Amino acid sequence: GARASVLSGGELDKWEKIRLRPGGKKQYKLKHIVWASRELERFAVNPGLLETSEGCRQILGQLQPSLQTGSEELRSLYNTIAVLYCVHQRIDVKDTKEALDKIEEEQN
């Protein structure tokens, strides 16, 4: 029955097709979700917000003022959650860069 959570065309299937770099080989994996989860706890943010569009949207709001001075860890976290937001919104992005384009396009 496990196969119900890994349906073709579903969120996890989509996640694992998205490329890290706009013109790159490597793709998002389960370990990127696990890592994003740990990071939010270190930042005293509820990791359960990763599960929904609205939760990802609120996280991205919390993190946005910190982006400009933020370390690489912080920018990577923001980029990862932007991709998760697109997956939950069923927006068909091919890479991290398109996810960022969509998010800042939405904020307009």
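Just count from 1 along the sequence shown to find any residue number.
> With respect to the recorded C-alpha B factors, which stretch has the higher mean value, 35 to 43 or 78 to 86?
Per the PDB record, 35 to 43.
> Do the CA atoms of 89 to 97 or those of 19 to 27 have the higher mean B-factor in the entry?
Result of the comparison: 19 to 27.
> Using the temperature factors of the C-alpha atoms in this entry, rank residue 50 within its chain: lowest, middle or highest third.
Ranked within chain, residue 50 CA B lands in the lowest tercile.
> Ordered by C-alpha B-factor within the chain, which third holds residue 59? Give me lowest, middle or highest, please.
For residue 59, whose C-alpha B-factor we compare with every modelled residue in the chain, the answer is the middle third.
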